[PDB]
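Q: Residue numbers (the authors' numbering), protein chains in the order written: chain A, 398 to 586, 596; chain D, 4 to 229; chain E, 4 to 217.
Below: one structure in structure tokens.
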Amino acid sequence: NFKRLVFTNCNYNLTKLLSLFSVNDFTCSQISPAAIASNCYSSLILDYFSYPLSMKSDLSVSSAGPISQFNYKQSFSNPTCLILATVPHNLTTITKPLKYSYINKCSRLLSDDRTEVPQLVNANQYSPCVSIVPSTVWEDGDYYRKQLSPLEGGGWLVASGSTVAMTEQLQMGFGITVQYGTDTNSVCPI
Amino acid sequence: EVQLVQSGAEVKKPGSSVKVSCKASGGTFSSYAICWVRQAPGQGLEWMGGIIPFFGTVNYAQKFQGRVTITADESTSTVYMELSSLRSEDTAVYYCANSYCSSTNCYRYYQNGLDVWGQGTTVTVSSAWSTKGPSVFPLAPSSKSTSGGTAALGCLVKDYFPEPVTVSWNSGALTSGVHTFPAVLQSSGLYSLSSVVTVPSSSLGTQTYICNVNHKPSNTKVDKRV
Amino acid sequence: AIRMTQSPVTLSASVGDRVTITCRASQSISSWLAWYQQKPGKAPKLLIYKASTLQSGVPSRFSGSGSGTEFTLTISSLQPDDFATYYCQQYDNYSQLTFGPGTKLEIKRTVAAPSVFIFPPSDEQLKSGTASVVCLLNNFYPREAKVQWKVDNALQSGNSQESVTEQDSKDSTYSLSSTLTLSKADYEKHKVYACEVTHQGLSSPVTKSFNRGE
């Protein structure tokens with residue numbers, strides 16, 4: 398359910414959010430860690446989601462991990478920076494949910510349940526399975542199958558989710574995508 | 004070529020507040036990340052506090068959490084480490100290191116290499132111990148040893164609170180067989196040490212051996228004739 | 004959650020001998036464990052970074068290899084400059100850069116028996132009200148040298164201050180100084196004092212005892 402915020406034609410100071418949190422990871426693909434903050438571009442997109450810091454390996458530019466295929470992805474062509482950080486908990490503004498959840502399996506199960514072809518989400522799109530899934534997964538490896546009507550397209554549409562659980566403190570994942578523009582680079586930091 | 008300069012050695016009191024400044028140059032200020040580490044004397048290295056100056060995000064060691072606050076000023080390129088509730092354990096040397104600067108060939112903000120280090124500051128914690136003057140106590144020659152070949156005599160420096168003292172023998176004439184011992188803190192909140200020289204028994208009668216003690220903070224030179 | 008165990012400290016390698024040191028992480032860092040060389044009394048120096056690549060300007064073919072929790076550091080040829088304390092740093096998920104305990108590297112030489120001495124407090128020192136008895140050990144190759152104080156043949160605990168000099172470059176030898184801790188009072192109660200050092204080099208335990216000195 399990665400919350401998505403898009404910022405257009407606005408000057409900024411990304412440090413204000415980072416200083417409030419305690420950052421543990423800042424990987425910038427195809428760009429320098431501060432190059433995105435130092436140089437200014439057409440638009441900036443920021444995503445925030447309940448993602449465990451512990452699955453650091455699962456979040457990667459290229460990985461065979463479940464999130465890449467189903468939970469979340471970033472455009473390869475555009476430079477992408479991912480921030481793994483932690484709220485101090487001094488602020489009471491952000492409260493905590495039950496437990497972290499991720500989609501381990503999203504696939505085109507056939508009307509037979511023999512041959513299976515996986516459904517891989519592209520960048521910038523919510524998975525088709527997430528519409529069937531709710532907000533949190535109650536039990537480990539919960540699988541949801543929705544009866545499909547001919548108008549829907551028929552066949553079997555299935556979804557699955559897996560338990561992660563959460564520590565006292567909150568671990569969050571941030572996805573940043575930066576777009577260059579011909580002249581409209583107006584989103585910027596005697 | 005990143006350059007780091009740190010504050011001079013500071014002597015304070017337990018329950019006081021210490022502010023040490025790490026100044027950097029030779030690398031982009033936004034790109035470097037300053038990490039503060041403490042080396043206890045004769046002890047394993049420990050890390051307390053990691054801060055990225057441009058982002059301003061601060062992560063602290065669990066042992067020192069809530070006791071150390073680090074603030075960095077990008078304009079002056081100065082990083083200040085603040086520690087309160089000072090304790091005897093706190094006394095040690097503090098080192099600040101800037102990870103490899105990015106903007107060209109890095110993507111974990113640390114990654115390649117990481118850390119350059121600084122001169123370091125030795126902070127000493129004394130409850131009420133102000134600068135004292137070193138007292139040289141002679142090591143008595145009782146001629147108890149039965150070995151003619153080896154005779155060992157020395158001078159004991161005591162009653163001086165500040166850390167650094169230097170002692171020469173015969174005005175530095177004999178640099179062989181000298182075994183100066185590193186100063187050790189004692190319950191009385193001051194340091195004490197002894198320097199020993201081994202000479203043949205016949206030489207001890209023929210020539211006198213002088214130990215000269217120099218203390219920078221006291222600014223006092225004392226010579227004892229043995 | 005994160006703890007570090009290093010290779011046994013004080014590894015014994017003579018010059019020109021291969022040195023292998025391994026530090027184990029609590030969990031699976033996998034790709035991040037830099038090796039740091041610390042010179043005593045001075046700032047540390049970088050060595051192998053990520054445990055996969057040498058920092059620019061590091062010679063002697065310092066080799067670091069491994070994956071996950073296990074990591075290794077091998078120096079094929081040993082040199083006098085090379086000997087130094089060695090630490091390892093865990094980085095990434097930078098919630099807590101945990102430095103390893105560290106391993107001391109020292110030259111290995113034939114065990115040397117330690118010379119035993121004892122110094123009585125001077126008459127001026129007694130008039131000062133300070134009573135100090137110092138026993139000096141010298142020229143012992145093994146770092147370990149347990150030292151005890153005997154009064155009326157009884158061990159004294161918490162009354163010992165120990166100072167060990169670093170190995171001489173010329174002789175590679177160590178010296179130990181033990182102090183009474185300056186018992187200003189109660190010196191009158193005991194008329195006898197003894198200092199004993201336990202050492203592999205000594206064939207038998209040797210005790211230097213001064214009673215009613217001067």
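Backbone N, C-alpha and C define an ideal beta-carbon position, used for all residues, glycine too.
Give the secondary structure of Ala-12(D) by DSSP, where H, G and I count as helix, E and B as strand, and everything else as coil.
A: Position 9 of the second sequence holds residue 12(D). Judged by DSSP in its simplified three-state form, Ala-12(D) adopts coil rather than helix or strand.
Q: Specify whether the region 33-52 of chain D and the region 428-437 of chain A touch according to this definition: at least 3 beta carbon pairs, one from each stretch, less than 8 Å apart.
A: yes
Q: Alpha carbon to alpha carbon, how far is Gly-572(A) from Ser-528(A)?
A: Against the first sequence, residue 572(A) aligns to sequence position 175. Against the first sequence, residue 528(A) aligns to sequence position 131. Their Cα atoms are separated by approximately 21 Å.
Q: According to DSSP, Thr-405(A) sits in a beta bridge with which residue or residues?
A: Position 8 of the first sequence, counted from the first residue, corresponds to residue 405(A). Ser-440(A), per the DSSP bridge assignment.
Q: Name, please, each residue of chain A whose Cβ falls closer than 7 Å to the Cβ of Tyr-97(E).
A: Taking the third sequence and counting its residues from 1, the one referred to as residue 97(E) is at position 94. The answer, in chain order, is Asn-421.
Q: Quick check on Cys-99(D): does DSSP put it in helix, strand or coil?
A: Residue 99(D) sits at position 96 when you count from the first residue of the second sequence. Here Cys-99(D) sits in strand by DSSP.
Q: Can you give me the Cβ contacts of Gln-42(D) inside the same chain, cut-off strictly under 7 Å, excluding the 5 residues immediately before and after it?
A: Along the second sequence, one-based indexing puts residue 42(D) at 39. Closer than 7 Å at Cβ, skipping near neighbours: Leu-48, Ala-95, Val-96 and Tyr-98.
Q: Determine the DSSP secondary structure at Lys-227(D), reduced to helix, strand or coil.
A: Here residue 227(D) is taken as the residue at index 224 of the second sequence, counted from 1. The answer is strand: DSSP assigns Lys-227(D) an E or B state.
Q: Indicate whether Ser-180(E) and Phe-184(D) have their beta-carbon atoms separated by less than 7 Å.
A: The residue you call residue 180(E) lines up with position 177 of the third sequence. The residue you call residue 184(D) lines up with position 181 of the second sequence. Yes, Cβ-Cβ distance for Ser-180(E) and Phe-184(D) is below 7 Å.
Q: Using the rule of at least 16 other Cβ atoms within 10 Å of the residue's Cβ for burial, across every protein chain shown, is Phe-58(D) buried or exposed?
A: Within the second sequence, the letter at position 55 stands for residue 58(D). Under the 10 Å beta carbon count, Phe-58(D) is surrounded by 16 or more other beta carbons and is classified as buried.
Q: Report yes if the C-beta distance between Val-5(D) and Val-139(D) is below 7 Å; otherwise report no.
A: As a working mapping, residue 5(D) is identified with position 2 in the second sequence. As a working mapping, residue 139(D) is identified with position 136 in the second sequence. No.
Q: Roughly how many whole angstroms lie between the Cα atoms of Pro-531(A) and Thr-60(D)?
A: Numbered from 1 along the first sequence, position 134 holds the residue referred to as residue 531(A). Numbered from 1 along the second sequence, position 57 holds the residue referred to as residue 60(D). Going from the Cα of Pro-531(A) to the Cα of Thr-60(D) covers about 34 Å.
Q: Short check: CB of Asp-422(A) to CB of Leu-517(A), under 7 Å?
A: If you number the first sequence from 1, residue 422(A) lands on position 25. If you number the first sequence from 1, residue 517(A) lands on position 120. Result no, Cβ atoms of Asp-422(A) and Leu-517(A) do not sit closer than 7 Å.
Q: When DSSP labels each residue in this structure, what does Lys-147(D) get in the three-state scheme?
A: Position 144 of the second sequence holds residue 147(D). In the structure shown, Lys-147(D) sits in coil (DSSP, three-state: anything other than H, G, I, E or B).
Q: For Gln-122(D) versus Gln-46(D), is the C-beta spacing smaller than 7 Å?
A: Here residue 122(D) corresponds to residue number 119 of the second sequence, with the count starting at 1. Here residue 46(D) corresponds to residue number 43 of the second sequence, with the count starting at 1. No, Cβ-Cβ distance for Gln-122(D) and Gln-46(D) is not below 7 Å.
Q: In three-state terms, what does DSSP make of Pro-124(E)?
A: Within the third sequence, numbered from 1, the residue matching residue 124(E) stands at position 121. DSSP, read as helix, strand or coil, puts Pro-124(E) in coil.
Q: Kindly list the residues whose CB is nearer than 6 Å to the CB of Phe-213(E), restricted to its own chain and excluding five residues on each side of it in sequence; keep chain order.
A: Translated into the one-based positions of the third sequence, residue 213(E) becomes position 210. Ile-121, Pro-123 and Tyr-196, listed in sequence order.
Q: For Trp-535(A), does the count of other Cβ atoms within 10 angstroms reach 16, so buried, or fall short, so exposed?
A: Reading the first sequence from its first residue, position 138 is the one you call residue 535(A). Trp-535(A) is exposed by the Cβ-count criterion.
Q: Assess contact between the region 171-187 of chain D and the region 11-27 of chain E, defined as three or more Cβ pairs (one per stretch) separated by less than 8 Å. Is contact present?
A: no
Q: Which parts of the region 124-172 of chain E are runs of the beta strand (DSSP E), unbroken and 3 residues or longer, counting only runs that do not cross its ends?
A: 137-141, 149-154 and 164-167
Q: Using only the alpha-carbon positions, how far apart do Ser-166(E) and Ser-197(D) sit?
A: Within the third sequence, the letter at position 163 stands for residue 166(E). Within the second sequence, the letter at position 194 stands for residue 197(D). Answer to the nearest angstrom: the Cα atoms are 9 Å apart.
Q: May I ask you to list, following chain order, the residues of the region 400-418 of chain A that have a beta carbon less than 7 Å from some beta carbon of chain D?
A: Residues passing the 7 Å Cβ filter: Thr-412, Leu-415, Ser-416 and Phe-418.
Q: Indicate whether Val-229(D) and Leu-156(D) have their beta-carbon atoms separated by less than 7 Å.
A: In the second sequence, the residue the question calls residue 229(D) occupies position 226. In the second sequence, the residue the question calls residue 156(D) occupies position 153. In contact: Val-229(D) and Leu-156(D) (Cβ atoms closer than 7 Å).
Q: Beta-carbon of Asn-215(D) versus every beta-carbon of chain A: anything under 7 Å?
A: For this step, residue 215(D) is matched to residue 212 along the second sequence. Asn-215(D) does not count as touching chain A.
Q: Got a sec: which bits of the region 439-458 of chain A sit with their beta carbon under 8 Å from any beta carbon on chain E, in order along the chain?
A: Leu-450, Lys-453 and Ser-454
Q: Going by the DSSP bridge assignment, what does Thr-184(E) pair with across the sheet?
A: Start at 1 with the first residue of the third sequence, and residue 184(E) comes out as number 181. Its beta-bridge partners do not exist; DSSP assigns none.
Q: Is there at least one non-hydrogen atom of the ligand FAD closer than 6 Å to the beta-carbon of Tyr-163(D)?
A: In terms of ligand content, the structure shown is empty, and the ligand FAD therefore cannot be addressed.
Q: So which of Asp-171(E), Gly-103(E) and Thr-182(E) has the shortest CA-CA distance to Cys-26(E)?
A: Counting from 1 along the third sequence, the entry for residue 26(E) is found at position 23. Minimum Cα distance to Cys-26(E) is reached at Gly-103(E).
Q: For the structure I just gave you, are there three or more beta carbon pairs, one from the region 83-93 of chain E and one from the region 25-40 of chain E, closer than 8 Å?
A: yes
Q: Looking only at its chain, what residues have a beta carbon closer than 6 Å to the beta carbon of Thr-405(A), apart from the 5 residues adjacent to it on each side?
A: As a working note, residue 405(A) is residue 8 in the first sequence. Contacts found: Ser-440.
Q: Rounded to whole angstroms, what's the CA-CA distance from residue 236(D) to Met-51(D)? Just pull it up for me.
A: Look at the range of chain D in this structure, 4 to 229, and you will see that residue 236(D) is not part of it.
Q: Skipping 5 residues on each side, what residues in its chain have a beta carbon closer than 6 Å to that of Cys-425(A)?
A: Walking along the first sequence from the start, residue 425(A) turns up at place 28. Cβ within range, chain order: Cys-478.
Q: Roughly how many angstroms lie between the CA atoms of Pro-586(A) and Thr-81(D), to the nearest whole one?
A: Taking the first residue of the first sequence as position 1, residue 586(A) is located at position 189. Taking the first residue of the second sequence as position 1, residue 81(D) is located at position 78. Approximately 21 Å between the Cα atoms of the pair.
Q: I need the boundaries of the beta strand (DSSP E) containing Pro-515(A), first residue and last residue.
A: Sequence index remark: in the first sequence, residue 515(A) carries index 118 (1-based). 513-515 is the extent of the beta strand (DSSP E) around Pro-515(A).
Q: Taking 7 Å as the threshold (beta carbon to beta carbon), is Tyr-110(D) in contact with chain E?
A: If you number the second sequence from 1, residue 110(D) lands on position 107. Cβ-Cβ to chain E under 7 Å: no for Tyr-110(D).
Q: Among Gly-60(E), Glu-127(E), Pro-117(E) and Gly-105(E), whose alpha-carbon lies nearest the alpha-carbon of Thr-153(D)?
A: Position 150 of the second sequence, counted from the start, is the residue given in the question as residue 153(D). Taking only the C-alpha atoms, the option nearest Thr-153(D) is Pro-117(E).
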